[PDB]
Amino acid sequence: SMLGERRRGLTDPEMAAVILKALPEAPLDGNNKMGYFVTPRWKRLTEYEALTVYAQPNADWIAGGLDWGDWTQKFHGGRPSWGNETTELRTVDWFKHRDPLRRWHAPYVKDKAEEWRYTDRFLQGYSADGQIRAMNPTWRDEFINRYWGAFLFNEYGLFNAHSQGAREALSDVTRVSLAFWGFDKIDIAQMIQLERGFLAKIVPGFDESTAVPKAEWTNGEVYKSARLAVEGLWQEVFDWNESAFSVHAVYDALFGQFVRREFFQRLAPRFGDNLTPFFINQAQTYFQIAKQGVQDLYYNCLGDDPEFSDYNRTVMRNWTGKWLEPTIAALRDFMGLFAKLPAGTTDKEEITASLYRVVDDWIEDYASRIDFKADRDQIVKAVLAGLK
Amino acid sequence: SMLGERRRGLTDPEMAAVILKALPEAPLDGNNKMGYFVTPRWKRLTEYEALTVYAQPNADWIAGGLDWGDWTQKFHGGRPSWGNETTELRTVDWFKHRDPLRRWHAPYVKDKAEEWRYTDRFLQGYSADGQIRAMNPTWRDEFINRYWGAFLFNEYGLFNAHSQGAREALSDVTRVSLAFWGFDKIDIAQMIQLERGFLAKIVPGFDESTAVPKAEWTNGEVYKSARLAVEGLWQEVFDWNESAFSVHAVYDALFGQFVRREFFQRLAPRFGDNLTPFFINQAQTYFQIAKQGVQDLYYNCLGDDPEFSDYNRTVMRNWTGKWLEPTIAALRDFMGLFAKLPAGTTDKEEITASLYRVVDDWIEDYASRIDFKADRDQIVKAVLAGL
Amino acid sequence: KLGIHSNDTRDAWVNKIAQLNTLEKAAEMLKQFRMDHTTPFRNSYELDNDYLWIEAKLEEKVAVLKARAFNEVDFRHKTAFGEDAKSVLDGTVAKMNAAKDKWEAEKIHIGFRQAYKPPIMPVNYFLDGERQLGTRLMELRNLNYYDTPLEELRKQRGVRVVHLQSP
Amino acid sequence: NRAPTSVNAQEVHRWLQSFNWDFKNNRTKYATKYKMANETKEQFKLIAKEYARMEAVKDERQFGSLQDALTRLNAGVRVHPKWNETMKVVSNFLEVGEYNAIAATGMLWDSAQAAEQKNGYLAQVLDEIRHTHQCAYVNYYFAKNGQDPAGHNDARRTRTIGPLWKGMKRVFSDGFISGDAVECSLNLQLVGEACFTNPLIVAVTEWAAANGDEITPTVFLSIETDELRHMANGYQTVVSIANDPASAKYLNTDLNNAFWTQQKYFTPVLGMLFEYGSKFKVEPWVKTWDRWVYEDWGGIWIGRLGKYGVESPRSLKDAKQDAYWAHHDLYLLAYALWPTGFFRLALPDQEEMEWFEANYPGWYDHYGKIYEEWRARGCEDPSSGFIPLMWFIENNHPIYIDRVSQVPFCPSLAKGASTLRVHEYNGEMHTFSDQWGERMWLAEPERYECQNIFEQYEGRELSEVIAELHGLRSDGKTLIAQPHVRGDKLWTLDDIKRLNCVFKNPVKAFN
Amino acid sequence: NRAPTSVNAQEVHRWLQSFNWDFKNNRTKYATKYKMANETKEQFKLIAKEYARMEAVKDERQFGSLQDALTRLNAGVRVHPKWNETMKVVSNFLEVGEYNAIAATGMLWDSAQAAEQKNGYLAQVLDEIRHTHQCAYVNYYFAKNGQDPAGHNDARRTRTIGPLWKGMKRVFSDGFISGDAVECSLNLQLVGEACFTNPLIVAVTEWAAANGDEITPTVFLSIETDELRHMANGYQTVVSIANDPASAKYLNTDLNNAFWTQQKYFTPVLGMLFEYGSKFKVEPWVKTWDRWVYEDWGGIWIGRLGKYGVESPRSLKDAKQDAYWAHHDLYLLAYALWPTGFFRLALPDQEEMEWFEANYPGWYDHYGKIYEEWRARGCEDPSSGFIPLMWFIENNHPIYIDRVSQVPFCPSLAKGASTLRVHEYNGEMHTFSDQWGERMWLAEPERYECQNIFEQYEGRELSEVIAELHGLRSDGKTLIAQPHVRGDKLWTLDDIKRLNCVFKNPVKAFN
Ligand SMILES: [Ca+2]
Ligand SMILES: [Ca+2]
Ligand SMILES: [Ca+2]
Ligand SMILES: [Fe+2]
Ligand SMILES: [Fe+2]
Ligand SMILES: [Fe+2]
Ligand SMILES: [Fe+2]
C-alpha cells in the first residue's frame, strides 16, 4: 500500500502521543558526552577516542583495564582470552596508544575508497592517453613483471605477520592500528597485481599470471634472504609486539623502504615508467601513515613508559639486533638485482648514497628512539658486499 | 527545550493525523518517473539526464526548445536572452548532447574532492618520505618554477575562454559540460601553483611568487606565440562554440598536450621528479575526460547532425584551419625551450617521435571526425623548424 | 580498605613485591605464587579475588629484573631460572605426546603454565607450547565427550557432590 | 626535516589575483555602463578543489538522509496534498532561477576584470549548477515517492501552459541575464537573492515542515549554506563600480528598476503559494513581507551600501501600497484559470477562511463569499460544467497580462491596485498595471515584446491547448491540473472540452 | 588501442589464491584439533580497495541520515523511555560481540591456510571493527541527543557492576576467542550470528521502530548488509575441515557445546529485553524463539550442512524445554538487582500484564502477583527502604550464578528449570544450573574459573560497590540505575546506603 502496514512510533499519531506523554521534561543527566571518563590525548576528546577506547573488556589485571575478575571461558589448559603472557613488553596502561591520524573505521575506508576510485580514473586516463608507448620494454617485461611483481609476496607476507596480533593485541586502540597496518600491506600486494593486470590489457603478450613473479620469490636469488626474513617474522614470532615492531621499525623500514623508494621509485622514471610510481606513491603514503602509529605505540607509549621505559627499550633493542641481521641479509641479496640492469642505469656511488639515505632515516626515525647504537657505515658496508 | 517549540507535520500527532486523513488511497498517477518524456541516450533514462535535460527554458524557436513565445525581458536593442544568433553552428536540437561521463554537479564535486584529499595525503607522505632528495636542482629551480609555472597562465587563459559560453550556451547539457571543462582548467592552473607552493615549503630557498613565471609568460620567448593564441581564443572569439571547439579540439589538443605530456610528463621523471607528474596525471585524466564530451558535442551531435552535418563540418573545418596556424606557431616558440635543457637530456629523434604522437593522436581523435585533411609531416616540420 | 580494584591485600602484595630485588628470588616467588593461587589445582582459594592482579604485579618485577640480568641471547632463549627454553618446550611436548589419557594430559598442560608462564619462559616458546600442548589436550578430551554419565564423571573428576536438585 | 607537509586553498589563492595579465583586448564582451575595478578582491579564498570538497560533504549528508532514513519513514508520501502540489511550483520555478543564475554569474565572471572577483562569480556559477540539480532532485524525489507525480515529473514542459510561468521567467530567467551585466547583478544578487530568494528558501523549509514535508528542508537548508556565500558577490559587484563616475548616474535607477521587477512578481506569488498552497500556516504574509522588504532589505541591508551611493528604491512606498491584497487578488485568477496549470489547487476550508479573516479583516466579504459561491455552483465537480473563468466573463471582469512583468491582473475586481493603462503602438495594443512597468516599456519598447497567453491562445478552445501542450496524466485522459486536491472526481480533457471555452484577447475590447 | 581501460577487484582476486607459498613453518600458531583445507575458496572476490569503497558508501547514507534529517526530527529524543534504556544494554553488549569478533576472525585468518579463506576472514575482521564503531555510535548518539545519557555515555565501565554483563562476555567475548579456533567459529558464525545475531539485528530494528527509535534501524540495518557476507565464512569453516578424519570425531561435539553456550544466554536475555524493555510489543518471544532456533536454524540452516557430517545439536530438546519461562524467570532477578545495572527498569503496567498473561498462561499467578507485592512494598519509591532483593532474602529464595554460563538463576522460585548442582572441588564450591554446563566444568575445570558477583562483592555493602565502580550520574549522587523509568523521584546513593544491603555468597550456606 502507499502508507504500508507497519506503524512507526516516530510518525504514527497514536503511538507517538503515547511516547511523548511518557517523556521527562528534560534529560535525566546533562552529561551528554559518551566517553567523558576517557583521558583525552589532545585538547578535547575526539570521536576517534570516544568510539574506540575501552571497547576491549579487559579487567584491571591487564594494565589499564576497567573491568574485574577472570575471563568467563578460557582455552583448554587455562590460557586467558587475552593476557599479559602474550607479549614481553609491559606498560602502565595498554589503552594509552593513539593513532596520530585518529583513524576509526569510517575515516579509514573513506580514504582508501577515494584512492580506489581515483586509481581507476587514473588508469583510464593513462590508457586512453597512450602513455604506455614511452615505457622501456625491458624495464616493463623484466623488472616490473618479474621483480616488482615478486615484491608483492614480500608485502603479502608482512600482511600475514599481523594475523596473530589481530587476535592478541591487548587494547582496542592497538588492535585497530594493527588491523589497519596489516590491511594496508595486503592492499599494496593487490596493487602490484593490479598493475600487472592493467599492463596485460594494454600490452599484447603481457602475462598477468603470478607464476613468474612467484617463482622469482620462492626460488630466485635476489629475494632469497628477504623471503627467509618474511617467513620468520610471520611464522616464527609468537609475540604480537615483536611482530609489529620488527616488521615496521626494522625490516620494512630498511628493506621495504630501499626496494620501494630507492630502487623502483627511483629507477622506474628513468625508463619512462610513470605507472609503477603511481602505485608506489600509495605504498609510501601508507608507510608514512603507519610510521606515525608505530612510533606512538612503541616509542611514545612503551619506550617512554613512566615505569617500564628502561625495560621496554632493552627489549626493543634486543629485537632490533635480532632482526637487523636478517634484514641486512635481505638487502645484501637484493643488491644482486643491480647487475641485471642495462649498463649505465646507475652506479655504485648512487646505490651507496641511496643505501645511506634509508639507513640514516631509519636511525633518525627508529633506532635512536630506543638508544640502539647503529653504525651506519658498518651496516652499508655489510650490504654492499652483495653487489655482483 | 528538549522537544523544541516547533511542531512538525511528519511527527506531530495532531498535524500528522490531519495530513493522513487528507491523503488519497493510492498515488494519483502511476508514472513516478521525472523526465520520462526525455529521449534516453542509453538503454534507460539516467539520473544525469532526468535532472538536467530541459532545465533551460528555451522556446521552440531555438532548435529543441519546448517552450513558446519570446523572452519576457531582453537586452537594450532587442537581443534575446538566448538565441541562435550567438553561434554559427546549427542543429535540429540543442539538447541532444550527452556527457559520456554523465556528470551532473554531485558526481563532479565528488570526484574532484577525492582527488583533493588524496592530493593532500600524497604531499604529506612525499615530504615525510624525503623523496625531494633525489630531484635535480636545476630542473626544480628553473624548469618547474619558471617554465612549468608560466604554463599556469596558459591554462588560466583557456579557463577564462569559457566565460562567454557559460552565458550563451544554448542548452543545459551543453552548459554543464562547458562549465566543467572550464573549471577543470582553472583547477590545473591552481595545481601548478600548489606544487610551487609545496616546493617552497620543503626547499628553503624556493620562492612561490608568480613573479618569475608570470614575467616568463608575459615577456618570454618560449610561450610568446602560446600567449598570443590564448589572448585570441579568449577575447577575440565571440562565438561560444568556436571558443570551445578551437580550445579543446585544436589548440589544447596540440600545444597543450605536447607541453604537458611530451615535455614535462616525459622529461620530469629523468630528473628525479615524481612530484610534477603527480599533478600532470590529474591534468591528463581531466583532458581525456573533457575529450569525450567535446567529441560527443561537435562530432556525434553537430558534426553528424541529421540536417546540418555538412554545414557544421564546414564551419569546424574552417575554425580548425583558422586556429591550426596560431597553434603550430605556439609550438614552434616552445621548441626553443629544449635548447636550455642540460646536454644529453633529449635528442631530435625523441621529440620528432613525441611530436608525431601529439599530431597523430589529434588526427585520429579530432581532425578525421570533420573530414579535415591534415598533413602530419608538414605540421611536424613547421614545428620542428623551431629548434 | 576492602575495594574491588584497591584493597589492603593488594597493597600488602605491592610492598612484598617491592622487596624482590634479585631475579632468582623474584622468579621463585612468582612460581610459588602460581602454585599457591592459580588454576583449579591451586593450594588455596584465599586470594581468589586478587590473585590475577597480584600475579601481574609480580610478573612485572621478574620481567624488569630478567632484562637487567640477562644478556640478549639468554633473554630470548633462556627461562628466568636459567633453563634452555627450547629444551623445556620440547621435553614438555614429548611428555604430552606420551600422555596415556586426558587426565594425564591436563596435568601436563596446566602444570606447564604454572611453572613457565612468561616472564619465566620467553613468550615465543611459551605460546608455541600452548599451540602444541593445547592441541593434544583437546584431542584427548573431546573424544567421546558425552559417553561418560555425569554420575561417573563427577567421580572421575573427584568432586564432592554437595547437593543435587531435580524437578 | 621530513615533517608531513602540504598546501591549502588559501596558500594558493594568495597568488590568484596575479593570474590575470594585461593585453589589448582584455575586456568584457558584454555591453555595460560601468567599470568594475581590476583590483577588486573576493571574501572567500577558495580554489576549485577545496570548493568541490566542501560541497561534496554537503551532498553526502543530504542524499544520505534522502535515500535512507527519509525514504524509510515514507517522507515522500506523508505530506499534505496541498503541499505536495505547491512543491511542484516552488521547486521547479526556483529551479529555473537557479539555472539562469548559472548564465548570469557566467556573464558576471566575464564582466569582472580582477582575477579574484572572477573567481568569486565562478564559485557561484558552480553553486547555481548544484542548486539547479537540487531543485530538480526535489521534484524527482516527490515524483518517485509521492502521492501525485504528475507535474513533478514533467514541469519542465507542462509549466508552459500557464500564465504564472511567464512572470517567473521575467524575474528569474530573463531578468538575470538580459541587460547591462550590472542590472542583471542587481536583479539576481542585490535584490532577488538578498531581498527574496534567501529569506524565501528558509521560509519554505518552515512551511514544508509544518505540512509534513521533510524532503524539501533536507535539500533547501543545504542550498541555503551556499547562498550565504553569494551575498558577498552581489555586495562586491557594487564595491567594484562604486568608484566609476557612471555609477552615481546609473546605479540607483538600475537598482530601483531591479527592485520593482522582483517584488512585482514575488509580492503576490509567494504570499499566494504560502497561504493558499498549505493547510498549516506558519505566519501571515503581510507580516512576513514587511519584515523582509521594509525592515531587513530596504532598511538594514540597503542601508549598509549607502557609503557606496546606493539609495533606497524610489518605488518602495509604491510597492508597499500595492502589496497588502496582491496575493489574495492573484489567487482568484490562478484558481479561475486552474485548467492551465500543472498542479492541483484547493479552495480555503472553514478553518482557513477564519484564519484569513482574522489576519486580513475584510477578506471574507470579498474573497470568501466568491469562493463559496463558486463551490456551491460546483467548481469542484466536473459534472457542473463550471470553470471560474466563466464567472469573470459573466460579471464583466476582464483579466489582463502586464506587458512588462507578465503578472495577471483584474482591475475591475481587485481589492488592491486597479490602475490600467492601455496604449497602441505601431499596430499593437499594450496593457500595463503600474507606472514603473509602463515607463520601462515606454523607454525600452524593444526589450518587452513577450506575447501573453490570450494572444497565443486567442481563438483556441481550452482543451486543445491543454492536449497539445501535454497537460494530461499517464492515462492520457485526466488533467494534471485540478480544482480540488481529493483523490476522486478528477476532471478529464472531456470535461473541459464540453465547457466550450475559447480564449479571447481582452485588449481588443477597446478595439 | 588507446581505449579507456582499467582493472576491477575480481580481476585481481583471480590470482589471490596464489599469494600464499610453502615453507616448513607455514602453519597456524593456534591449537586446534582440525585441519583447514589448503585449497578452500571464498564466496566474494574482494580486494582491500573495493572493500573500502562498498563500506564507505554505506557509511555515507548512514551518517548522513543521523547527522541531518534524524537530528532535525529530534529522533534521539522521541523514543519511549523504556526503549531508550533497553538500547543502552542492547547496543553496548552487542558492541563487545562485534569487538571480540574482530579478534576471533583474526584468529580464523591465522587458522586458514588457503589465501582465499584467509581473505574471507580478513573482510570480516574489518567488518567487525566497523560494527564495533557502529554500536558505539548508537550509544554515542543517544547520549548526545537523548532523554537519558547516563549509561549510554559510560557503559564500557558501568556494565561491570552488574551480573548480566558476565554472561554477555561468555557468549560474545570469551566464547568467540578462547578455545579451538573451530569451536570459536561455531560460537561466532555457525551458531552466534546464524542462529541469534542476524535474526536479532533485524528484530531490534522492528522493536526499535515500534517504540519511536529510528536511530538504531539506520545503523543496524547497515550492519545487517555486512553480516550477509559473514555467513559464507562460517559455512566455509565447516567445508574447509569436513574432509579431515578429525571432523567426524569432534565437529558435532564442539557444535553442541557452542549451541548450548549461546542459547543458554540469549534464550532468557533477548526475550527479557524485548518484552520487558519495551512499551509497544512486536511479537511474543515464545513464538519468535521457536521460529529462530527450532525452525530456521535447527532445521533449515543446520540441515543444509548434513552433507558435511553436521547434526542437530543433541541438547536442542532440553533447550526448548527450559526456554518457555526463562526470560520471565530472569527479569525477576534483573529487576530485583536493579541497583547493580547501568539502566532504568520498569515494572509491568496493567496493560502489559494482560499481554503477558494472554501470551503466557499462568504468568499472572506467578510473576504478576510478585511484581504487585514489590510495588506494594514500595520498590519504586526511594523512601520505602525496599529493594526486591530483600524479598528474596525474606522468602528464602537464594540467587545463584552458574559457574559456566554466568547466567543468574533462582531454582526455588523459577517456573522454568529448577535444577541445581553443587560441587566442592579442591577447596572451592561450584553451582550449576544444567547438565550441559556441568559436564563442561567437570571435563574442563580450568576453562571456567570466573568469579561471580557474590564472590567478589561478598561482605560488601551495596552502596560502596556502586560508588567504587562509578555507578552514579553527573551530579555524583543520583544512581544511574532506577527501579522505574519516570523523570521524578530518582533514587540516590544515600537511599541505597540506608537499606544497608550487604552481599553474601549463597553457596556458603552449604556444608
Ligand atoms: Ca644467494
Ligand atoms: Ca657517477
Ligand atoms: Ca564444608
Ligand atoms: Fe542558488
Ligand atoms: Fe545564489
Ligand atoms: Fe558484526
Ligand atoms: Fe559478523
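What you see of chain E is 17-527, where the numbers are those given in Swiss-Prot.
This entry, so its header tells us, was determined using X-ray crystallography, 2.2 Å.
Cβ atoms are placed via backbone N, Cα and C, with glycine included.
Taking all protein chains in view, 27 other C-beta atoms sit within 10 angstroms of the C-beta of E:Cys151 (active site). Taken from Swiss-Prot, the feature active site covers E:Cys151.
Mapped onto three states, the DSSP output places E:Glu144 (Fe cation 1 binding site) in helix. Summarising the environment of E:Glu144 (Fe cation 1 binding site), the number of other Cβ atoms within 10 Å of its Cβ, over all protein chains shown, is 27. The feature Fe cation 1 binding site is assigned by Swiss-Prot to E:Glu114, E:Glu144, E:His147.
Reduced to three states, the DSSP call for E:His246 (Fe cation 2 binding site) is helix. The Fe cation 2 binding site feature in Swiss-Prot is assigned to E:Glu209, E:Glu243, E:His246.
Spatial neighbours are here defined as Cα atoms within 10 angstroms of one another, and by that definition the neighbours of E:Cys151 (active site) among the binding-site residues E:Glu114, E:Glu209, E:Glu243, E:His246 are E:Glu114. Proximity to chain A, defined as a C-beta distance under 8 Å, is registered for none of the recorded positions E:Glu144, E:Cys151, E:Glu209, E:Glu243, E:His246. The Fe cation 1 site is set by E:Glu114, E:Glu144, E:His147; from the centre of their CB atoms, other residues of the chain with a CB within 8 Å are E:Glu111, E:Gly113, E:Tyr115, E:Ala117, E:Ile118, E:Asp143, E:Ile145, E:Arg146, E:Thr148, E:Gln150, E:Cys151, E:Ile239. For E:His147 (Fe cation 1 binding site), the nearest of the binding-site residues by C-alpha distance turns out to be E:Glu243; the candidates were E:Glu209, E:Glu243, E:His246.
Distance from the CA of E:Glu243 (Fe cation 2 binding site) to the CA of E:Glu144 (Fe cation 1 binding site) is 9 Å.
A Cβ distance below 6 Å to any atom of ligand 7 is met by none of the recorded positions E:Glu114, E:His147, E:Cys151. Between E:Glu243 (Fe cation 2 binding site) and E:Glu114 (Fe cation 1 binding site), the C-alpha separation comes to 11 Å.
Geometry remark: E:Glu209 (Fe cation 2 binding site) versus E:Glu114 (Fe cation 1 binding site), CA distance 11 Å. Other C-beta atoms found within 10 angstroms of the C-beta of E:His147 (Fe cation 1 binding site) number 27, with every protein chain shown included.
Here the C-alpha separation of E:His246 (Fe cation 2 binding site) and E:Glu114 (Fe cation 1 binding site) works out to 12 Å. E:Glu114 are the recorded positions among E:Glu114, E:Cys151, E:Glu209 whose C-beta comes within less than 6 Å of an atom of ligand 6, given in sequence order.
Using a 10 Å Cβ-Cβ cutoff, E:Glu209 (Fe cation 2 binding site) registers 23 neighbours. For E:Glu114 (Fe cation 1 binding site), the same-chain residues that are 6 or more apart in sequence and have a Cβ closer than 8 Å to its Cβ are E:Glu144, E:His147, E:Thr148, E:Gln150, E:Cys151.
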